[PDB]
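Engineer: Once you've had a glance at the structure underneath, I'll fire off some questions.
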Amino acid sequence: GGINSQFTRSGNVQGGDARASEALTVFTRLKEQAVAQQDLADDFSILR
Amino acid sequence: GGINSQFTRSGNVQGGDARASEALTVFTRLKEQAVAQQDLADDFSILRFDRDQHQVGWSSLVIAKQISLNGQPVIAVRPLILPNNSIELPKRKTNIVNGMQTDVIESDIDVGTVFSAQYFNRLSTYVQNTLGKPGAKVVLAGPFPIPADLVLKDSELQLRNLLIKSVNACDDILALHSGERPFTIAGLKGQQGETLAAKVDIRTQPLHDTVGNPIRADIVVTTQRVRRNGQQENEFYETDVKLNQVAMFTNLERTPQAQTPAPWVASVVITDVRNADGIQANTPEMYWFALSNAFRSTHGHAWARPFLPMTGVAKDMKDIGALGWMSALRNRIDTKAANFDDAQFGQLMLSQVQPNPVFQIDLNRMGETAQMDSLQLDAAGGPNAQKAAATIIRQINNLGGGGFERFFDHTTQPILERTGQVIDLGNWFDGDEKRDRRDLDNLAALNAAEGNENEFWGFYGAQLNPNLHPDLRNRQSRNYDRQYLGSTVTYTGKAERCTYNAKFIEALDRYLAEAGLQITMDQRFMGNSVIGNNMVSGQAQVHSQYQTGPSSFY
């Protein structure tokens with residue numbers, strides 16, 4: 001919390017979620033592939 | 001040597017180290033990736049310390065960051081040793097005598113003995129010459145070896161975390177040398193109506209280091225900030241409310257009394273002390289605040305909780321029934337029974353275990369907290385005994401106001417004591433997963449050897465016999481581990497065990513408690529425990545030859 005802002009050592013550790021961005025990228029690639037193969041229609045959206 | 005130059009056959013063989021260039025390339029790529037993602041700042045350098053052209057035992061990687069203080073350059077270095085399994089260092093020979101025969105003992109050399117004063121002097125001179133500053137001051141930040149048998153091709157995350165932690169340590173030491181505001185508990189009030197709570201935990205899987213090294217941990221004590229207001233929002237969401245963590249495990253030692261005091265005494269060993277993951281700062285005054293949590297484990301005899309049997313499984317390695325082998329009855333007490341429960345478990349602990357524990361620490365000069373372990377080792381005993389104690393007292397005074405003299409007197413009271421015990425550091429691969437070598441303790445050896453007391457006594461003497469030479473003790477300890485654990489043992493370093501002063505812990509706890517720190521946390525009749533306090537000492541008071549001879553003196 002305020003301890004990090006009180007000392008402010010250079011460099012960043014943790015503070016992120018890495019099982020969401022990769023899933024979003026995978027889903028976007030899968031949607032693009034499905035649309036290319038005339039399997040779906042470009043009328044929906046994917047959000048995080 | 002000169003033979004090759006005397007014949008000069010075409011072609012070259014060997015003559016190189018291949019576990020340094022690849023590591024340097026990996027570290028450069030990781031640094032570039034981290035800088036690209038706005039994770040670090042381009043202000044530090046990575047250099048290689050080749051053993052071939054410096055004539056040293058092991059090659060190393062050094063991370064140097066330099067600043068300017070009042071016009072005087074200052075360089076901070078964090079060397080990383082790189083042991084290799086493809087080459088063998090020459091061993092150390094020692095001689096002992098037995099009667100009329102003398103023999104030679106071939107010992108082994110660890111990583112710690114390699115990092116000597118001459119090694120650091122050569123490293124500092126090389127860094128000074130490379131960076132273009134011949135007279136710059138160089139300050140150490142704490143070595144950290146990279147264990148062997150580790151494939152660098154698929155270990156990118158551990159190396160990245162190690163690099164970030166090394167940069168953080170360099171920043172910490174530079175800031176400490178420059179001079180900043182000390183961390184005090186007076187600033188932890190928060191003035192928002194919150195309280196600090198300590199949670200105890202019992203674990204069965206070992207903790208892991210930043211490089212995957214397992215660490216034994218049975219009792220874990222943590223400190224958190226509880227900010228539960230009335231209509232608290234963010235249900236199921238928590239904002240990093242955690243400050244410290246201490247890993248502890250208990251071990252039993254037997255006092256030498258022939259056969260009312262319990263035969264065995266429980267000693268608690270502190271293995272790892274660390275802060276929260278979110279906190280990126282490491283200062284000396286946080287170490288004592290975190291260490292103060294160790295004494296809190298005795299609030300409800302929580303150190304005995306791992307000893308009680310678990311229901312359903314029995315690894316038979318930590319069984320407490322083996323303690324009955326040397327009891328009044330020869331056989332072992334049989335747990336895992338319908339009748340057995342906590343009703344007489346307390347009776348057993350009262351009748352065969354001392355109520356009070358003992359606190360010990362496994363100091364390591366090559367661990368993550370090397371800069372404090374070395375200081376405590378120096379304070380334990382040596383040429384630098386007064387300076388280390390004065391520094392520790394000054395730090396404790398800086399943490400929480402002052403006036404520590406009312407509770408402790410370092411002039412006529414030792415802080416730390418050295419028991420003359422050396423502990424190997426290694427890991428053995430269990431059938432399921434890799435474990436820690438320190439799982440083998442007195443209870444484990446007693447369980448392995450069911451009734452043969454002489455073998456167990458030999459094992460116990462192989463640890464703390466003052467008469468026997470230390471090399472023989474290390475040899476016996478290395479043989480016993482192979483005998484019991486398995487063939488997968490892999491040693492990685494050395495550690496030393498020390499015993500804290502009994503009054504020092506209580507004085508520190510009372511000083512922190514009086515300094516405005518408030519921490520809150522959490523059957524069959526046996527007899528009257530209070531009738532014995534009131535006892536009449538005296539007896540009722542009611543009214544109800546020596547022939548001599550001549551003496552020249554009088």
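FYI, nothing fancy with the structure tokens labels: chains A, B, ... in order, residues from 1 per chain, ligands from 1 as they appear.
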Taking only C-alpha atoms into account, produce a table as JSON lines in which each residue of chain B with an atom at most 7 Å from an atom of chain A appears once, together with its shortest atom pair and the distance in Å to one decimal, ordered by chain and rising number.

Structural biologist:
{"residue": "B:39", "atom": "CA", "partner": "A:12", "partner_atom": "CA", "distance": 5.7}
{"residue": "B:40", "atom": "CA", "partner": "A:11", "partner_atom": "CA", "distance": 4.9}
{"residue": "B:164", "atom": "CA", "partner": "A:11", "partner_atom": "CA", "distance": 6.7}
{"residue": "B:168", "atom": "CA", "partner": "A:9", "partner_atom": "CA", "distance": 6.5}
{"residue": "B:171", "atom": "CA", "partner": "A:9", "partner_atom": "CA", "distance": 6.3}
{"residue": "B:278", "atom": "CA", "partner": "A:14", "partner_atom": "CA", "distance": 6.8}
{"residue": "B:279", "atom": "CA", "partner": "A:4", "partner_atom": "CA", "distance": 6.3}
{"residue": "B:280", "atom": "CA", "partner": "A:9", "partner_atom": "CA", "distance": 6.7}
{"residue": "B:281", "atom": "CA", "partner": "A:9", "partner_atom": "CA", "distance": 6.4}

Engineer: Please return, as an MDAnalysis selection string, all residues of range 214-429 of chain B that DSSP assigns to strand (DSSP E) on the basis of the backbone.

Structural biologist: chainID B and resid 214:215 219:226 244:254 264:275 358:363 416:429

Engineer: Next, the residues of the selection above should be written as a short mmCIF file (atom, residue, chain, number, x, y, z; two decimals), in the first residue's frame with N, CA and C atoms.

Structural biologist:
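Below you can see result06.cif, which holds the result:
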data_model
loop_
_atom_site.label_atom_id
_atom_site.label_comp_id
_atom_site.auth_asym_id
_atom_site.auth_seq_id
_atom_site.Cartn_x
_atom_site.Cartn_y
_atom_site.Cartn_z
N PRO B 214 13.59 -26.10 -2.35
CA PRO B 214 12.60 -26.34 -1.30
C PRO B 214 13.13 -25.95 0.07
N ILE B 215 12.22 -25.51 0.93
CA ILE B 215 12.52 -25.15 2.31
C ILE B 215 11.48 -25.80 3.21
N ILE B 219 5.30 -24.71 10.57
CA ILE B 219 4.52 -23.66 11.20
C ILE B 219 4.81 -22.34 10.50
N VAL B 220 3.76 -21.64 10.08
CA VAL B 220 3.89 -20.37 9.38
C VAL B 220 3.10 -19.32 10.16
N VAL B 221 3.78 -18.24 10.54
CA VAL B 221 3.16 -17.13 11.27
C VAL B 221 3.19 -15.90 10.37
N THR B 222 2.03 -15.29 10.16
CA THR B 222 1.90 -14.14 9.28
C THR B 222 1.22 -13.00 10.04
N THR B 223 1.45 -11.78 9.55
CA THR B 223 0.83 -10.59 10.12
C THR B 223 0.08 -9.85 9.02
N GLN B 224 -1.18 -9.50 9.29
CA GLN B 224 -2.03 -8.86 8.30
C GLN B 224 -2.67 -7.60 8.88
N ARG B 225 -3.19 -6.76 7.99
CA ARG B 225 -3.92 -5.56 8.37
C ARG B 225 -5.40 -5.86 8.16
N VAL B 226 -6.19 -5.74 9.23
CA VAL B 226 -7.64 -5.97 9.14
C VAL B 226 -8.33 -4.61 9.11
N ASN B 244 4.19 -9.71 6.85
CA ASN B 244 5.34 -10.55 7.15
C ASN B 244 4.97 -12.03 7.07
N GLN B 245 6.01 -12.86 7.12
CA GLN B 245 5.86 -14.31 7.09
C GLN B 245 7.13 -14.95 7.64
N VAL B 246 6.96 -15.87 8.59
CA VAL B 246 8.08 -16.57 9.22
C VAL B 246 7.78 -18.06 9.19
N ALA B 247 8.74 -18.85 8.70
CA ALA B 247 8.61 -20.30 8.62
C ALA B 247 9.38 -20.96 9.74
N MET B 248 8.70 -21.80 10.52
CA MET B 248 9.29 -22.44 11.69
C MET B 248 8.94 -23.92 11.71
N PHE B 249 9.82 -24.71 12.32
CA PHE B 249 9.58 -26.13 12.57
C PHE B 249 10.28 -26.52 13.86
N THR B 250 9.69 -27.47 14.59
CA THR B 250 10.19 -27.84 15.91
C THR B 250 11.03 -29.11 15.83
N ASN B 251 12.00 -29.23 16.73
CA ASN B 251 12.86 -30.40 16.82
C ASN B 251 13.08 -30.72 18.30
N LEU B 252 13.28 -32.01 18.59
CA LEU B 252 13.43 -32.48 19.96
C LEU B 252 14.89 -32.80 20.28
N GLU B 253 15.34 -32.34 21.44
CA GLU B 253 16.68 -32.59 21.94
C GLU B 253 16.55 -33.26 23.31
N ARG B 254 17.47 -34.16 23.62
CA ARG B 254 17.40 -34.92 24.86
C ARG B 254 18.51 -34.48 25.80
N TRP B 264 12.68 -35.02 27.44
CA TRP B 264 12.96 -34.33 26.19
C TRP B 264 12.57 -32.87 26.27
N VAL B 265 13.31 -32.06 25.52
CA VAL B 265 13.05 -30.63 25.39
C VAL B 265 12.85 -30.28 23.92
N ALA B 266 11.84 -29.45 23.65
CA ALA B 266 11.48 -29.10 22.29
C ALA B 266 12.21 -27.82 21.92
N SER B 267 12.91 -27.84 20.79
CA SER B 267 13.61 -26.68 20.27
C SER B 267 13.03 -26.30 18.92
N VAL B 268 12.70 -25.03 18.76
CA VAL B 268 12.08 -24.52 17.54
C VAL B 268 13.16 -23.85 16.70
N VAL B 269 13.23 -24.22 15.43
CA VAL B 269 14.24 -23.73 14.50
C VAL B 269 13.56 -22.81 13.50
N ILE B 270 14.11 -21.61 13.33
CA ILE B 270 13.59 -20.64 12.37
C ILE B 270 14.41 -20.80 11.09
N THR B 271 13.73 -21.09 9.98
CA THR B 271 14.40 -21.35 8.72
C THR B 271 14.44 -20.12 7.82
N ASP B 272 13.29 -19.51 7.57
CA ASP B 272 13.19 -18.41 6.62
C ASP B 272 12.42 -17.25 7.24
N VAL B 273 12.90 -16.04 6.99
CA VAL B 273 12.22 -14.81 7.37
C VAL B 273 12.13 -13.93 6.13
N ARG B 274 10.92 -13.46 5.83
CA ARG B 274 10.70 -12.70 4.61
C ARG B 274 9.50 -11.78 4.81
N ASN B 275 9.39 -10.81 3.91
CA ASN B 275 8.28 -9.86 3.90
C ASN B 275 7.23 -10.31 2.89
N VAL B 358 12.41 -23.88 22.88
CA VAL B 358 13.68 -23.19 22.70
C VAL B 358 13.73 -22.66 21.27
N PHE B 359 14.24 -21.44 21.11
CA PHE B 359 14.24 -20.76 19.82
C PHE B 359 15.65 -20.80 19.23
N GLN B 360 15.74 -21.24 17.98
CA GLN B 360 17.00 -21.33 17.26
C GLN B 360 16.80 -20.84 15.84
N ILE B 361 17.91 -20.45 15.21
CA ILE B 361 17.90 -19.90 13.86
C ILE B 361 18.98 -20.60 13.05
N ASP B 362 18.70 -20.86 11.78
CA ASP B 362 19.66 -21.49 10.88
C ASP B 362 20.24 -20.38 10.00
N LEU B 363 21.30 -19.74 10.50
CA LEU B 363 21.93 -18.66 9.76
C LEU B 363 22.68 -19.22 8.56
N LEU B 416 23.44 -13.38 20.79
CA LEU B 416 23.36 -14.65 20.09
C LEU B 416 24.50 -15.56 20.56
N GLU B 417 24.22 -16.86 20.59
CA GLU B 417 25.19 -17.86 21.02
C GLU B 417 25.37 -18.91 19.94
N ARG B 418 26.61 -19.33 19.74
CA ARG B 418 26.97 -20.31 18.72
C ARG B 418 27.10 -21.69 19.36
N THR B 419 26.35 -22.66 18.83
CA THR B 419 26.33 -24.01 19.37
C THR B 419 27.34 -24.93 18.71
N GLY B 420 28.12 -24.42 17.76
CA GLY B 420 29.12 -25.25 17.10
C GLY B 420 28.54 -26.38 16.27
N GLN B 421 27.47 -26.10 15.52
CA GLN B 421 26.81 -27.09 14.69
C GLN B 421 26.74 -26.58 13.26
N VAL B 422 27.10 -27.44 12.31
CA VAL B 422 27.06 -27.12 10.89
C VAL B 422 26.02 -28.02 10.23
N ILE B 423 25.10 -27.41 9.49
CA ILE B 423 23.98 -28.12 8.88
C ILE B 423 24.14 -28.07 7.37
N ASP B 424 24.10 -29.23 6.74
CA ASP B 424 24.14 -29.30 5.28
C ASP B 424 22.82 -28.82 4.70
N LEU B 425 22.90 -28.26 3.49
CA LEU B 425 21.72 -27.79 2.77
C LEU B 425 21.63 -28.57 1.46
N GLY B 426 20.51 -29.27 1.28
CA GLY B 426 20.33 -30.08 0.09
C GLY B 426 18.87 -30.43 -0.11
N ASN B 427 18.62 -31.20 -1.16
CA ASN B 427 17.28 -31.64 -1.50
C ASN B 427 17.33 -33.08 -1.99
N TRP B 428 16.34 -33.87 -1.57
CA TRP B 428 16.19 -35.25 -2.00
C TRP B 428 14.84 -35.41 -2.68
N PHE B 429 14.83 -36.09 -3.82
CA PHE B 429 13.61 -36.24 -4.61
C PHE B 429 12.80 -37.39 -4.02
#

Engineer: Suppose you want the space between CA of residue 367 in chain B and CA of residue 144 in chain B; what is it in Å?

Structural biologist: 6.3 Å

Engineer: Quick one: DSSP helix (DSSP H, G or I) residues in chain A, as a PyMOL selection string?

Structural biologist: chain A and resi 2-7+21-36

Engineer: Just the number, please: distance in Å from CA of residue 320 in chain B to CA of residue 208 in chain B, one decimal.

Structural biologist: 26.2 Å

Engineer: Need to verify the contact set: residue 398 in chain B, 9 Å, only C-alpha atoms, exclusion of same-chain residues closer than 3 positions in sequence. Can you return it as a ChimeraX atom specification?

Structural biologist: /B:182-184,285,393-395,401-402

Engineer: With a distance cut-off of 12 Å and only C-alpha atoms, select the neighbouring residues of residue 31 in chain A, excluding the residue or stretch itself and same-chain residues fewer than 2 positions from it, and output the selection as number ranges by chain.

Structural biologist: A: 24-29, 33-46

Engineer: Let's have the selection written as a compact mmCIF listing (two decimals), in the first residue's frame, with C-alpha atoms.

Structural biologist:
# COMPACT_ATOMS: atom_id res chain seq x y z
CA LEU A 24 -8.35 -13.07 -24.62
CA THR A 25 -5.66 -13.41 -27.30
CA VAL A 26 -6.54 -17.08 -27.82
CA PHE A 27 -10.24 -16.26 -28.11
CA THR A 28 -9.58 -13.46 -30.60
CA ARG A 29 -7.44 -15.77 -32.74
CA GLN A 33 -10.13 -18.34 -37.67
CA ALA A 34 -13.81 -19.27 -37.34
CA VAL A 35 -14.92 -16.16 -39.26
CA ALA A 36 -12.36 -16.93 -41.98
CA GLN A 37 -13.74 -20.45 -42.47
CA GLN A 38 -17.33 -19.11 -42.85
CA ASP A 39 -18.36 -20.71 -39.56
CA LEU A 40 -19.72 -17.64 -37.75
CA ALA A 41 -20.81 -14.05 -38.48
CA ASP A 42 -19.01 -10.86 -37.44
CA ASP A 43 -21.81 -9.56 -35.23
CA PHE A 44 -20.62 -10.28 -31.66
CA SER A 45 -17.88 -8.85 -29.45
CA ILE A 46 -15.47 -10.30 -26.90

Engineer: Can you list, as a list in words, every protein, DNA or RNA residue that comes within 8 Å of residue 112 in chain B when you count only C-alpha atoms, leaving out same-chain residues fewer than 6 positions away?

Structural biologist: residues 365, 366, 493 and 494 of chain B

Engineer: Report the distance between CA of residue 521 in chain B and CA of residue 282 in chain B in Å, rounded to one decimal place.

Structural biologist: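 Atom-to-atom, CA of residue 521 in chain B to CA of residue 282 in chain B, that is 26.3 Å.
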
Engineer: Output as a Markdown table one row per residue of range 266-321 of chain B within 12 Å of range 374-382 of chain B: the closest atom pair and its distance in Å to one decimal place, counting only C-alpha atoms, sorted by chain and residue number ascending.

Structural biologist:
| residue | atom | partner | partner_atom | distance |
| --- | --- | --- | --- | --- |
| B:284 | CA | B:375 | CA | 10.9 |
| B:287 | CA | B:376 | CA | 11.9 |
| B:288 | CA | B:376 | CA | 11.8 |

Engineer: Restricting the output to N, CA, C and O atoms, write the selected residues as an mmCIF file, in the first residue's frame.

Structural biologist:
data_model
loop_
_atom_site.group_PDB
_atom_site.id
_atom_site.type_symbol
_atom_site.label_atom_id
_atom_site.label_comp_id
_atom_site.auth_asym_id
_atom_site.auth_seq_id
_atom_site.Cartn_x
_atom_site.Cartn_y
_atom_site.Cartn_z
ATOM 1 N N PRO B 284 16.835 -3.000 7.230
ATOM 2 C CA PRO B 284 17.166 -3.743 8.457
ATOM 3 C C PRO B 284 16.094 -3.686 9.534
ATOM 4 O O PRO B 284 15.905 -4.678 10.248
ATOM 5 N N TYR B 287 13.416 -6.457 9.465
ATOM 6 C CA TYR B 287 13.815 -7.813 9.828
ATOM 7 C C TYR B 287 13.472 -8.117 11.280
ATOM 8 O O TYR B 287 12.943 -9.187 11.588
ATOM 9 N N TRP B 288 13.766 -7.187 12.192
ATOM 10 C CA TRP B 288 13.463 -7.425 13.599
ATOM 11 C C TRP B 288 11.956 -7.438 13.841
ATOM 12 O O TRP B 288 11.458 -8.231 14.650
#

Engineer: As a PyMOL selection string, please: the residues near range 478-490 of chain B (cut-off 12 Å, only C-alpha atoms, same-chain neighbours under 3 positions excluded).

Structural biologist: chain B and resi 85+107-108+147-149+213-214+317+423-431+433-442+444-449+455-456+458-460+462-463+471-475+493
